[PDB]
Chemist: 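This is the structure I want to talk about, given as structure tokens.
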Amino acid sequence: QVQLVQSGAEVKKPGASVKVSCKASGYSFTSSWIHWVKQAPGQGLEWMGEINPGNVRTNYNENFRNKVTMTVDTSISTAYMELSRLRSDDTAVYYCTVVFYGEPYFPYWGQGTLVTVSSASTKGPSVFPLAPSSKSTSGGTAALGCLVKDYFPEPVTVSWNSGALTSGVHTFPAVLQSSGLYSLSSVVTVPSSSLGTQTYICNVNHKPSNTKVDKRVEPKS
Amino acid sequence: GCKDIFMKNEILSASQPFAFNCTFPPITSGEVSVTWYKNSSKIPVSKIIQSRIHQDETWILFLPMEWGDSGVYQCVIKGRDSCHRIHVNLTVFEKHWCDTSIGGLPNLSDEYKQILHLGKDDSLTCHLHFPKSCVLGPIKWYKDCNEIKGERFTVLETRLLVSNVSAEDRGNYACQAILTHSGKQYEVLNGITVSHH
Amino acid sequence: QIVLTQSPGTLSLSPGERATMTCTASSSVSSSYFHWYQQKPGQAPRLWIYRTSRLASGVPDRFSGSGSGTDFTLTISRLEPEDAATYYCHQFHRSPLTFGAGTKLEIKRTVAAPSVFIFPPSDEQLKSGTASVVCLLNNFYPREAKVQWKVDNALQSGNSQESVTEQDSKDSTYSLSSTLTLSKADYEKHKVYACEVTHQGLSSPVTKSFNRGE
Ligand SMILES: *[C@@H]1O[C@H](CO)[C@@H](O[C@@H]2O[C@H](CO)[C@@H](O)[C@H](O)[C@H]2NC(C)=O)[C@H](O)[C@H]1NC(C)=O
Ligand SMILES: *[C@@H]1O[C@H](CO)[C@@H](O)[C@H](O)[C@H]1NC(C)=O
Ligand code: NA
């Protein structure tokens, strides 16, 4: 099965450059065209260009002519997208896709890479439990969660029990605090009857600061 | 009382020399006359040899086929006391895979797929169908848009012989021929998706 | 450049209703090169309809595409909640490739009251010097809701932030967090921390409250 796995989010200062990777598997890497697609926050989709790992030909959207450089390392089936002389409007999610002969469309996508252009320094979040108790009860239902506070830039991801718990999960969009740092909560509703027996752990990831936190959320009296 | 025959599959071609032969056995094996039509039933395709599209013997010939040529084409076969009208869809695409993935082969029909059987001595075929007026030079072969060179690989006329087919012989191929017609030369480039299946 | 003009920008419809969106191209696009994608927040676009009218894998029959030359259409026969998303048209005909600006489909549903929960700050955070109080409004519709903070029955201002989720793919509801942030010292200067929720589906304003320490 065709897969594209992209590198993690990054923050970079204005004027610098960033290089996003796209690792491919499930097909003959040199028999394809890799495309890159830009999605600015709140905006739609913008096509940046294509590269053929076979003959290393590149065709760029001319709106990215002097901005983007596409390369490949075929020995590790990896495509690279480099942006130079970063400005604020380069802040966006970037996607790689792959196209096959006779199939002129995009069935396979990478998961996306958020690149933030900023002078502000990276900061990893603090993770605090949102303990289920009597004031988190509603018709045999308990709510619980994790507060992910004071990080920059976006994004953080939260999973529960390493991805085994997804039902009833709500991870809220970040808010911008007055400090200029972000904050979000991730919550879940579960049976109140089994708080004594089930284990709930939120897995928080903030790639730009290389933060990986697991927090067990335990009931309180 | 002309009986209409409809071709099953559409025919796809890059924007390059292209031809299609009006044939319908056993009728065309008799004494019949053949006339090609382009989106018409009243005005036939020209037989002026310098015309970009023209009829060449029983063939319709495009030198080259171009965007806008896509359509249903008809061949009217008249015998002494027989009439058959053959319908065929001819579709051109503009771009070649090694140049760009955009505006190219719109779907991967059986004519763009071939198979190389693992661990055996197999071959690929460069399918070139043209009236005898079109003289085909030697054929160059490409693998992922690079020219093929190797001891396992041998050019024999229209085929590419591959001895001891390996796992890595899968992928994208292309065969290239020079076509000479009426003193002028044209390039023919055909892509292939090859697998082991 | 072939510009794709997509309309309407936003669609708001009830389940079972018919949804229609169109894409108009500035130049003719061949039918084999015209496609639609579905994207839900936080996720990559998913191929949805390709070659004008073919359904991608996993796409239900209630979806259908049509069009020619410069005018293309995506139709959803009978809306389900999971159809809530942004849809993008796409041409693969001519460089540079281009996409429509998108059509965001919102699903209307019946009124649903929020379940309200309140969370005191963790001892871990208090040790740090700050107190965050989270009030949760879970699975409600519509999105309009009023959340007020009362501290020892005094109405608060200037110290809370709200965040609302996207529409839920299964039940079309919203959820909302409201977070009251205080320094440890200010937090310890008060007893009752309450959250007051007002919403269409509640006949009376619901309050979730707790006394500090308890
Ligand atoms: C192209 O099609 C024509 C039919 O119109 C083929 O020519 C006929 O072939 C049969 C048997 O091969 C003969 O009995 C007829 O006398 C031929 N007719 C004419 C007008 O030549 C021809 O063989 C086809 N060409 C190719 C390369 O397949
Ligand atoms: C030929 O083209 C027409 C479109 O005018 C279509 O109705 C018919 O199905 C096509 N036949 C094929 C592709 O075999
Ligand atoms: Na081709």
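Below, each value reflects all heavy atoms present in this structure, side chains not excepted, and no hydrogens, waters or symmetry copies. In what follows, chains are A, B, ... by sequence order, proteins preceding strands, each numbered from 1. Both counts, for ligands and for their atoms, begin at 1 and track the order of listing.
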Chemist: I'd like to know if B:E66 and B:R52 make a salt bridge, using a cut-off of under 4.0 Å between side-chain N and carboxylate O.
Modeler: yes

Chemist: Kindly confirm whether the Na ion (ligand 3) is within less than 3.0 Å of some N/O/S atom in A:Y101?
Modeler: yes

Chemist: Evaluate the 4.0 Å heavy atom contact test for atom 13 (C) of ligand 2: does a protein atom fall under the cut-off?
Modeler: yes

Chemist: Does some side-chain heavy atom of B:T180 sit less than 4.5 Å from a side-chain heavy atom of B:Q185?
Modeler: yes

Chemist: With under 30° as parallel and over 60° as perpendicular, where do the rings of A:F106 and C:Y37 fit, or are they tilted in between?
Modeler: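 Because their plane-to-plane angle lies in the 30° to 60° range, the rings of A:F106 and C:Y37 count as tilted.
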
Chemist: Does the side chain of B:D169 reach to within under 4.5 Å of the side chain of B:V162, using non-hydrogen atoms?
Modeler: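 Yes; the side chains approach each other to less than 4.5 Å.
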
Chemist: Any idea which atoms of ligand 1 are less than 4.0 Å away from a heavy-atom of B:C22?
Modeler: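 Near B:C22, the atoms of ligand 1 are 2 (O), 4 (C), 5 (O).
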
Chemist: Please confirm whether B:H87 comes under 4.0 Å of ligand 2, counting heavy atoms of the residue only.
Modeler: no

Chemist: Among all protein heavy atoms, pick the one closest to atom 7 (O) of ligand 1 and tell me residue, atom and distance.
Modeler: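 Of the protein heavy atoms, B:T28 O, 4.8 Å lies nearest.
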
Chemist: Protein heavy atoms: any of them under 4.0 Å from atom 9 (O) of ligand 1?
Modeler: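 No.
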
Chemist: Taking both backbone and side-chain atoms of B:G30, is any N or O found less than 3.5 Å from an N or O belonging to ligand 1?
Modeler: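 The answer is no, given that B:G30 and ligand 1 share no N or O pair closer than 3.5 Å.
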
Chemist: Heavy-atom distance from atom 9 (O) of ligand 2 to the protein below 4.0 Å?
Modeler: no

Chemist: Based purely on interatomic distance, does B:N9 place a nitrogen or oxygen under 3.5 Å from a nitrogen or oxygen of ligand 2?
Modeler: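 Looking only at distances, the answer is no, because the N/O contact criterion of under 3.5 Å is not met.
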
Chemist: Between the side chains of C:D83 and C:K40, is the shortest nitrogen-to-carboxylate-oxygen separation below 4.0 Å, so that they form an ion pair?
Modeler: no

Chemist: Could you tell me whether atom 19 (C) of ligand 1 has a protein heavy atom closer than 4.0 Å?
Modeler: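 There is no protein heavy atom less than 4.0 Å from atom 19 (C) of ligand 1.
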
Chemist: Looking at ligand 1, does any of its N/O atoms fall within less than 3.5 Å of an N/O of B:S29?
Modeler: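 Such a contact does occur with ligand 1.
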
Chemist: Is the ring centre of B:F24 less than 6.0 Å from the ring centre of B:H84?
Modeler: yes

Chemist: Going by the angle between their ring planes, with limits at 30° and 60°, are A:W33 and B:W97 parallel, tilted or perpendicular?
Modeler: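 Ring orientation, 0 to 90° scale: perpendicular.
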
Chemist: Under a 4.0 Å N-O cut-off, is there an ion pair linking A:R85 with A:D90?
Modeler: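 Result for this pair is no, no salt bridge flagged.
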
Chemist: Return the closest protein heavy atom for atom 27 (C) of ligand 1 as residue, atom name and distance.
Modeler: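 Scanning the protein heavy atoms, the shortest distance from atom 27 (C) of ligand 1 goes to B:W59 CZ2, 3.9 Å.
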
Chemist: For C:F63 and C:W48, what are the C-alpha separation, side-chain angles and deciding distance, and is it a ring-ring contact (aromatic ring centres under 6.0 Å, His included)?
Modeler: CA-CA 9 Å; C:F63 284 91; C:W48 208 246; 5.3 Å; yes

Chemist: Could you walk me through whether A:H35 and C:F92 satisfy the ring-ring contact (aromatic ring centres under 6.0 Å, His included) test, starting with their C-alpha distance in whole Å, then the side-chain angles of each, then the deciding distance to 0.1 Å, before giving a yes or no?
Modeler: CA-CA 12 Å; A:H35 298 245; C:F92 219 105; 5.7 Å; yes

Chemist: Pick one of side chain, backbone, both or neither for how B:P25 approaches ligand 1, counting any non-hydrogen atom pair under 4.0 Å.
Modeler: neither

Chemist: Looking only at heavy atoms, is any part of B:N21 under 4.0 Å from ligand 1, and if so is it the side chain, the backbone, or both, or is it neither?
Modeler: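 It is the side chain that gets close, since no backbone atom is under 4.0 Å.
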
Chemist: Less than 4.0 Å from atom 23 (O) of ligand 1, is there any heavy atom belonging to the protein?
Modeler: no

Chemist: Would you call the rings of C:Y33 and C:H93 parallel, tilted or perpendicular, where under 30° means parallel and over 60° means perpendicular?
Modeler: perpendicular

Chemist: Tell me which protein heavy atom sits closest to atom 5 (O) of ligand 2, plus the residue, atom name and distance to 0.1 Å.
Modeler: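 Its nearest protein heavy-atom neighbour is B:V72 CG2, 4.5 Å.
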
Chemist: For atom 2 (O) of ligand 2, what's the nearest protein heavy atom and its distance?
Modeler: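 Here the closest protein heavy atom is B:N89 ND2, 2.3 Å.
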
